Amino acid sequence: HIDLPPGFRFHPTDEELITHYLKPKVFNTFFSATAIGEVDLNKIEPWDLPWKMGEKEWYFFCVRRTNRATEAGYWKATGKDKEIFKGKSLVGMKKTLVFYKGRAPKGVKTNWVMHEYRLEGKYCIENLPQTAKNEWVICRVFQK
């Protein structure tokens, strides 16, 4: 348990997410943190307040374009992914996805948004050692 003074909360920069949460989850198989739980993507749905937080945003690890669709909708990738720089080095990429209610290609537009952080640049699959599972991503999900 962590005893936060008032006003202090979990509000990470991108490079903080990579460097101190995602690279460890990849490099070390036994990794845990107090602010980022583990959830399987396909199981839950964007209307799942109890699973995993604070400031109306929810972070977690994910084990795995509309390449992932929900029992009740899908996630559509939107926009040019932002690059994550640790100073002069590239370290990761942030994809932005939006959740669509109706499963049809013209599906109902919900206000649920996800940021998917992945390892890149210096931590691309080629540079990554084989003692690593590049299958892990970080997702931040929020509304509107």
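Residue numbers here begin at 1 and follow the sequence given.
Novice: How big is the unmodelled gap, if any, between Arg118 and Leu119 relative to the deposited sequence? Choose none, 1 to 3, 4 to 9, or 10 or more.
Specialist: Nothing is missing between them.
Novice: Counting only residues that lack coordinates, how big is the gap in the deposited sequence between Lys80 and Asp81? Pick none, 1 to 3, 4 to 9 or 10 or more.
Specialist: Missing in between: none.
Novice: Between 23-31 and 40-48, which has the larger average Cα B-factor in the PDB entry?
Specialist: Looking at the record's C-alpha B-factors, the answer is 40-48.
Novice: Look up the CA B-factors in the entry and say which stretch, 12-20 or 127-135, has the higher mean.
Specialist: Per the PDB record, 127-135.
Novice: With respect to the C-alpha temperature factors reported in the PDB entry, which of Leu90, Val108, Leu97, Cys62 ranks highest?
Specialist: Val108 has the highest C-alpha B-factor of those listed.
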